[PDB]
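J.:
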Amino acid sequence: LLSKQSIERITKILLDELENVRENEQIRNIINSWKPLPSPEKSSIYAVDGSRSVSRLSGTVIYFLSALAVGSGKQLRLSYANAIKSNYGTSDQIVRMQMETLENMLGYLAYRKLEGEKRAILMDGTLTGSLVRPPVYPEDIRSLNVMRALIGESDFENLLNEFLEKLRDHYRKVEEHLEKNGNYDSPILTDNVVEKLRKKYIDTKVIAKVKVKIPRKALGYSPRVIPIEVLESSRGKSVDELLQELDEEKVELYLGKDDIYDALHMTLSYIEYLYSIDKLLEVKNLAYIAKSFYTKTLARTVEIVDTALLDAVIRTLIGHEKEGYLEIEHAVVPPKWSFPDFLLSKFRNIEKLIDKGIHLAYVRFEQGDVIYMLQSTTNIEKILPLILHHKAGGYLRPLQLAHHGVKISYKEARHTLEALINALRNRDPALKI
Amino acid sequence: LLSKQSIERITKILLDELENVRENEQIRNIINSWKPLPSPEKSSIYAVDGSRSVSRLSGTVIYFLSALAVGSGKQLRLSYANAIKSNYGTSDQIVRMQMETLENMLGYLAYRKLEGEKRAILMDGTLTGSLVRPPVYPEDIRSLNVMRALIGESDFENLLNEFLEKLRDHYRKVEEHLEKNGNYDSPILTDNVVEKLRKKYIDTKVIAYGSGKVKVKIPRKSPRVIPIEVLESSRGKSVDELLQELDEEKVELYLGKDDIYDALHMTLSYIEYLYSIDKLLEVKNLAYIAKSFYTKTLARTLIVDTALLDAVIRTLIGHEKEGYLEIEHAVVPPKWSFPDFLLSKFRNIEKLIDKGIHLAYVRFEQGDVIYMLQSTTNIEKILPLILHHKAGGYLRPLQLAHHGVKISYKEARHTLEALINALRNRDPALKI
Ligand SMILES: Nc1ncnc2c1ncn2[C@H]1C[C@H](O)[C@@H](COP(=O)(O)O)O1
Ligand SMILES: [Mn+2]
Ligand SMILES: [Mn+2]
Numbered sequence: 003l004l005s006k007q008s009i010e011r012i013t014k015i016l017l018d019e020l021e022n023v024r025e026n027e028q029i030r031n032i033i034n035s036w037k038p039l040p041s042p043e044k045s046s047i048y049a050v051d052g053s054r055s056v057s058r059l060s061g062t063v064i065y066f067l068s069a070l071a072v073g074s075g076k077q078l079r080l081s082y083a084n085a086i087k088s089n090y091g092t093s094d095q096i097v098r099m100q101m102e103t104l105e106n107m108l109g110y111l112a113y114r115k116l117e118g119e120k121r122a123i124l125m126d127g128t129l130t131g132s133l134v135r136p137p138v139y140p141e142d143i144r145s146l147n148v149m150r151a152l153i154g155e156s157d158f159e160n161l162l163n164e165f166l167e168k169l170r171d172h173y174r175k176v177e178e179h180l181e182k183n184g185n186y187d188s189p190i191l192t193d194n195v196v197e198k199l200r201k202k203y204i205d206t207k208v209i210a215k216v217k218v219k220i221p222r223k224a225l226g227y228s229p230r231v232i233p234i235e236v237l238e239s240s241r242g243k244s245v246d247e248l249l250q251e252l253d254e255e256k257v258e259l260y261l262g263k264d265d266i267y268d269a270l271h272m273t274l275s276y277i278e279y280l281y282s283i284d285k286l287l288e289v290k291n292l293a294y295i296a297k298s299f300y301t302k303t304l305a306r307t310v311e312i313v314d315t316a317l318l319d320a321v322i323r324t325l326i327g328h329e330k331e332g333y334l335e336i337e338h339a340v341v342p343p344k345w346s347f348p349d350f351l352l353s354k355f356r357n358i359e360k361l362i363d364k365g366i367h368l369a370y371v372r373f374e375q376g377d378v379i380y381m382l383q384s385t386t387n388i389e390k391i392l393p394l395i396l397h398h399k400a401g402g403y404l405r406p407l408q409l410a411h412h413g414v415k416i417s418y419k420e421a422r423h424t425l426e427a428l429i430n431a432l433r434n435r436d437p438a439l440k441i
Numbered sequence: 003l004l005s006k007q008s009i010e011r012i013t014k015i016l017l018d019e020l021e022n023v024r025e026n027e028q029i030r031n032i033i034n035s036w037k038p039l040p041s042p043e044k045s046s047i048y049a050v051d052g053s054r055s056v057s058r059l060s061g062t063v064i065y066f067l068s069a070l071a072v073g074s075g076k077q078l079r080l081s082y083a084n085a086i087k088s089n090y091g092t093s094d095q096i097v098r099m100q101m102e103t104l105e106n107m108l109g110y111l112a113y114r115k116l117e118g119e120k121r122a123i124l125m126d127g128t129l130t131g132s133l134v135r136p137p138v139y140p141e142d143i144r145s146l147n148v149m150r151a152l153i154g155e156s157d158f159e160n161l162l163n164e165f166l167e168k169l170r171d172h173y174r175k176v177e178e179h180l181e182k183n184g185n186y187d188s189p190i191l192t193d194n195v196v197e198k199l200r201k202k203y204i205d206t207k208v209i210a211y212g213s214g215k216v217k218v219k220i221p222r223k228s229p230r231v232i233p234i235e236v237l238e239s240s241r242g243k244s245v246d247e248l249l250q251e252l253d254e255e256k257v258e259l260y261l262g263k264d265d266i267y268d269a270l271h272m273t274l275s276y277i278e279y280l281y282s283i284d285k286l287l288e289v290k291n292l293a294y295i296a297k298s299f300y301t302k303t304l305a306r307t308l312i313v314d315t316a317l318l319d320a321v322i323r324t325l326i327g328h329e330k331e332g333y334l335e336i337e338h339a340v341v342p343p344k345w346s347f348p349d350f351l352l353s354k355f356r357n358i359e360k361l362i363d364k365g366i367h368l369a370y371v372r373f374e375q376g377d378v379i380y381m382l383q384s385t386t387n388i389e390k391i392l393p394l395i396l397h398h399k400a401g402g403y404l405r406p407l408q409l410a411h412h413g414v415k416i417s418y419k420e421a422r423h424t425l426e427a428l429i430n431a432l433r434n435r436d437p438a439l440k441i
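This is the structure we're talking about:
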């Protein structure tokens, strides 16, 4: 009921966004370079989404990933089930990586089995959001440097290579089960293969905590500020000399066995994920759709606005409520920090994307229906109509199908899993929540 | 469905946990130190919990917060509803902080209403969990230091103390409302007071710059703490030149409005929250009860998850028996999470640092579970007061606070967006 005390202070906080949107833009002159929508071209297509569910038992998070591709062709599904012990943040970011990795895989594999003159793939989110901020950020990058420093710079390279090789083999081996059954219960590689790898590259070098050194930059800053006292302490130097030493400097550090064993796992899972973005970018027409992303850190690397916001701008200013599309003038590039130098050479389609960038456009499929954020590898002009063959209505069918189908209104493992973990040995952890 | 290889993989992963626990490092000689519950003592008590609902509109989070106290007096309650601009971590983390802010207040005020020879508060969580990894962090620290550098030390401490004051009149106003109606709709201060404090200490120190940015002169003075972007900017120069320009206060920064604003907001919330712990820390018998807790840190920082040990026993010693087991050595908090220029202001936290947190595993009845029990004082003292209220499998004031806070089916579900429908814009309200 009430809370009404707040309300205006909500409404304001809302509107004080928009009344600052129609100001700063000065309409940004762009809304009028808006181009109503092109003429449908016939394509064969697959839309895909995935959904995860998680539950905790004590220290342990238990999750079931599901990913689904619907389209011009049969229904294809990747699913995975696992448990991993919990860091409150780091965990979720791991699950979501795997989730994302399942999509990337499903996406590309789906491309390969799509026959046609005009072949396209639709995704449930933004291409940007993935590569601008890597999930598990203050873990993944830290973990790779932790690994590289662990086993050495070259030993690492082989590890990367061995693992990719395992991965290439993986996709082919997956590719089979999608033919026969059109589903797979093990889309994810890193988990099963992690133990083996460890004892090869790791278990030799390790001796029972231990000493690595990496740069101060493999984590921070946060802050983000610096003591005054240092400028005095280091002086008679040039700001340039200092910044060198600053950004450069090696900090030391100590590592237990699990710490190592985790860094390994992270490194891999990170590598796997990457390898699916690469092997995904290979898709000729790659289509990313999202009803809502948010613009923060994006207008940073330039200025743009959330769809929902925009949607209102046009309908309360230029009056439209009208169907069509608006491209953004700037093919936008990626940041290279999310991609360690020693990584990219393995995934060139990523490397490619940094040089070429993404093309973004807002879109409205109908009337008093709403505005979506389109991103694509190729150009909006080219990619857009392809998508358009499939519009059902307020929007496209196959996306609508993927969204709806992979929806879990019923968790299998709800009754199922734990009730069989009563069985094997111990029903107590099962007790729990 | 299931792979049953995945199931094996799952069972597997879990069992290693137990056996590696049954490796009995500190466990071997720990378990037989298991004591039987003491006798109950008469105590007046308020168990408190809180729940939160959130929903997204584009890049804007809507959240509704509730806290509830049930116990040896009538039912006290807090609620707050609001919106923030979404940053995946930061938003969801600032809710969380606010949530703990009510639960803490509510716990502090509930105490002050208490009648008994022994008075106690019962909280739904762990003491350690919040303060070994504070909510919204490292973000909450960088932001402080941002302002400390930005608005400068003196006018900062000026800001600190003022805000603190406003917070005192806040609590009193709250206690009042609590009395009469037993409820309050504005438990949270910062959101209402931020924009006012922005004009004072922020807008003062800044001039408009270009698109969405501002030009900020850096003051001078106790760390002086220049923002890192000041070395960034000064690149062609000698360090001596830099200080001289710092001395004469030529130096300006080009950083963005919103970042600063947000940094401010983050700062206040974080203080309104620290006030919240410092107050709740005035409670003389304060207990926290969590069935499961954990973290990768919860071993290393100087010992095990309840459910593992719960299992280990019936599967070793055969007890499955009621009782408790007190972890021997009190735990102090890691001091990094609590800025030194802050605790000066919050004694009890500062005090909590020195004295530390007593922890014990407690099984209230029979083959029921093992809750984690944490307190500002000795388990031996507190546990008796708790036990006075043992309901059943576990304590009533709490199971009430639980069931009672669950009391939200989504209110704003039909409601809020429908009256946002009104004012002018339904557009975002369209979930679009
Ligand atoms: N795990 C994770 N990392 C980064 N950004 C995320 C994540 N999950 C959701 N998002 C946000 C960021 C973008 O707006 C979009 C990316 O969708 P996607 O299809 O997942 O590429 O969704
Ligand atoms: Mn999705
Ligand atoms: Mn709770």
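Chains A and B supply the protein sequences, listed in that same order.
Mind the numbering: the first sequence is residues 3 to 210, 215 to 307, 310 to 441 in the UniProt record's numbering, read in order.
Mind the numbering: the second sequence is residues 3 to 223, 228 to 308, 312 to 441 in the UniProt record's numbering, read in order.
Cβ coordinates follow ideal geometry from the N, Cα and C atoms, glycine included.
1. How far does the alpha helix (DSSP H) with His172(A) in it reach, from first residue to last?
2. Might you give, ordered along the chain, the residues of its own chain that have their beta carbon closer than 6 Å to the beta carbon of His271(A), omitting 5 neighbours on each side?
3. Could you pull out every residue in the same chain whose Cβ sits closer than 6 Å to the Cβ of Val257(B), ignoring the five residues on either side in sequence?
4. Between the Cα of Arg150(A) and the Cα atoms of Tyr380(A), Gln408(A), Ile379(A) and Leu351(A), which residue gives the shortest distance?
5. Taking any Cβ of chain A, which residues in the segment 84-103 of chain B have a Cβ under 7 Å from it, in chain order?
6. Say whether the segment 352-360 of chain A touches the segment 282-298 of chain A, bearing in mind that this needs 3 or more beta-carbon pairs closer than 8 Å, one atom from each stretch.
7. In terms of DSSP beta bridges, what is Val340(B) paired with?
8. Assuming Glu335(B) and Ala369(B) form a contact by the criterion Cβ under 8 Å, report the distance between their Cβ atoms to the nearest whole angstrom.
9. What's the C-alpha gap between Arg241(A) and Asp246(B)?
10. Can you give, in chain order, each stretch of the beta strand (DSSP E) that sits fully within the segment 215-260 of chain A and has at least 3 residues?
11. Assign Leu334(A) to one of three DSSP states: helix, strand, or coil.
12. Smallest Cα separation from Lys415(B): which of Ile33(B), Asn434(B), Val50(B) and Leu425(B)?
13. Looking at the unbroken beta strand (DSSP E) that takes in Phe66(A), where does it start and where does it end?
14. Say yes only if the C-beta of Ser81(A) is nearer than 8 Å to one or more non-hydrogen atoms of ligand 2, and no if none qualify.
15. Need the endpoints of the alpha helix (DSSP H) that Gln77(B) sits in, please.
16. Does the segment 230-240 of chain A come within contact of the segment 311-326 of chain A, defined as at least 3 CB pairs closer than 8 Å?
17. Starting from the C-beta of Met101(A), find all residues in its chain whose C-beta is less than 7 Å away, skip the five residues before and the five after it, and write them out in chain order.
18. If you drop the 5 nearest sequence neighbours on each side, which residues of the same chain put their C-beta closer than 6 Å to that of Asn185(B)?
19. For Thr424(A), return the contacting residues in chain B, with the cut-off set at a CB-CB distance below 7 Å.
20. I'd like the ranges of any alpha helix (DSSP H) spanning at least 4 consecutive residues and lying wholly in the segment 79-131 of chain B.
21. Can we count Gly332(B) as close to ligand 2, meaning its CB is less than 8 Å from some heavy atom?
22. Measuring alpha carbon to alpha carbon, tell me which of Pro233(B), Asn387(B) and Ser228(B) ends up nearest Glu155(B).
23. Should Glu159(A) be listed as close to ligand 2, given that the test is whether its C-beta is under 8 Å from any heavy atom?
24. Along the chain, where does the alpha helix (DSSP H) that runs through residue 226(B) open and close?
25. Are the segment 299-307 of chain B and the segment 384-391 of chain B touching by the rule of at least three beta carbon pairs closer than 8 Å?
26. Quick one: give me the first and last residue of the beta strand (DSSP E) that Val50(B) is part of.
27. Using only the heavy atoms of ligand 1, determine whether one of them is closer than 8 Å to the beta carbon of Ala296(A).
28. Could you check whether the Cβ of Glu167(B) sits closer than 8 Å to any heavy atom belonging to ligand 2?
29. Express the C-alpha separation of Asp171(A) and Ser275(A) in angstroms, rounding to a whole number.
30. What does a CB cutoff of less than 7 Å around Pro348(B) pick up in its chain, not counting 5 residues either side in sequence?
31. Does the Cβ of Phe355(A) lie closer than 8 Å to at least one heavy atom of ligand 1?
32. Relative to chain B, which residues along the segment 241-258 of chain A have a C-beta separation below 9 Å, given in chain order?
33. Could you check whether the Cβ of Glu105(B) sits closer than 8 Å to any heavy atom belonging to ligand 3?
34. Roughly how far, in whole angstroms, is the beta-carbon of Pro42(B) from the beta-carbon of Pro437(B), given that I think they are within contact range, below 8 Å?
35. Chain A partners of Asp314(B), CB-CB under 8 Å?
36. So which residues put a beta carbon under 5 Å from any heavy atom of ligand 3, going in chain order?
T.: For this structure:
1. First-last of the alpha helix (DSSP H) with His172(A): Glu155 to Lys182.
2. Scanning its chain for C-beta atoms nearer than 6 Å, with the 5 sequence neighbours on each side dropped, one finds around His271(A) the residues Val196, in chain order.
3. In chain order, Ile220 and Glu251 place their CB closer than 6 Å to the CB of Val257(B), counting only its own chain and leaving out the 5 sequence neighbours on each side.
4. A check of alpha carbon separations from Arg150(A) across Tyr380(A), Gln408(A), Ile379(A) and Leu351(A) identifies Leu351(A) as the nearest.
5. Within the segment 84-103 of chain B, the qualifying residues are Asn84, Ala85, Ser88 and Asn89.
6. Yes, the segment 352-360 of chain A is in contact with the segment 282-298 of chain A.
7. When DSSP reads this structure, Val340(B) sits in a beta bridge with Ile366(B).
8. Rounded to the nearest angstrom, the Cβ distance from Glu335(B) to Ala369(B) is 4 Å, consistent with a contact under 8 Å.
9. Those two C-alpha atoms are separated by around 6 Å.
10. The DSSP assignment places complete beta strand (DSSP E) segments of no fewer than 3 residues inside the segment 215-260 of chain A at 217-221 and 256-260, in order along the chain.
11. It is a strand residue.
12. Ranking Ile33(B), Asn434(B), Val50(B) and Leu425(B) by Cα distance to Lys415(B) puts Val50(B) first.
13. Looking at the DSSP string, the run of the beta strand (DSSP E) that includes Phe66(A) is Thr62 to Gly73.
14. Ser81(A): no, Cβ never under 8 Å from ligand 2.
15. No alpha helix (DSSP H) holds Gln77(B); DSSP gives it neither H nor E.
16. Not touching, per the Cβ criterion.
17. Excluding positions up to five away in sequence, the list reads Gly52, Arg54 and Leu67.
18. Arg79.
19. Using a Cβ-Cβ cut-off of 7 Å, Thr424(A) is close to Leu4 of chain B, given in chain order.
20. Listed in chain order, the complete alpha helix (DSSP H) runs (minimum 4 residues) inside the segment 79-131 of chain B are 90-114.
21. Incorrect: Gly332(B) has no Cβ contact closer than 8 Å to ligand 2.
22. Selection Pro233(B), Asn387(B) and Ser228(B) evaluated against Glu155(B) yields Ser228(B) as nearest (Cα-Cα).
23. For ligand 2, not one heavy atom lies less than 8 Å from the Cβ of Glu159(A).
24. Structure remark: chain B lacks residues between 223 and 228, so residue 226(B) is without coordinates.
25. The segment 299-307 of chain B, when compared against the segment 384-391 of chain B, does not touch it at the 8 Å Cβ threshold.
26. Counted as a single uninterrupted DSSP element, the beta strand (DSSP E) harbouring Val50(B) occupies residues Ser46 to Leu59.
27. Here the distance from the Cβ of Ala296(A) to the nearest heavy atom of ligand 1 is below 8 Å.
28. No; taking the cut-off as 8 Å, the Cβ of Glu167(B) has no heavy atom of ligand 2 nearer than that.
29. When rounded, the distance between both Cα atoms is 16 Å.
30. Cβ neighbours of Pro348(B) beyond the five flanking positions: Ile143 and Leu146.
31. Exclusion of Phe355(A) from the 8 Å shell around ligand 1 follows from its C-beta lying no nearer than that to any non-hydrogen atom of the ligand.
32. If the cut-off is 9 Å between Cβ atoms, the segment 241-258 of chain A has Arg241, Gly242, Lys243, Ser244, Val245, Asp246, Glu247, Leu248, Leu249 and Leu252 near chain B.
33. At least one heavy atom of ligand 3 lies closer than 8 Å to the C-beta of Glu105(B).
34. About 54 Å; that fails the 8 Å criterion.
35. Going along chain A in sequence order, the residues near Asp314(B) (Cβ under 8 Å) are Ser60 and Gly61.
36. Qualifying residues, in the order they occur: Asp51(B) and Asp126(B).
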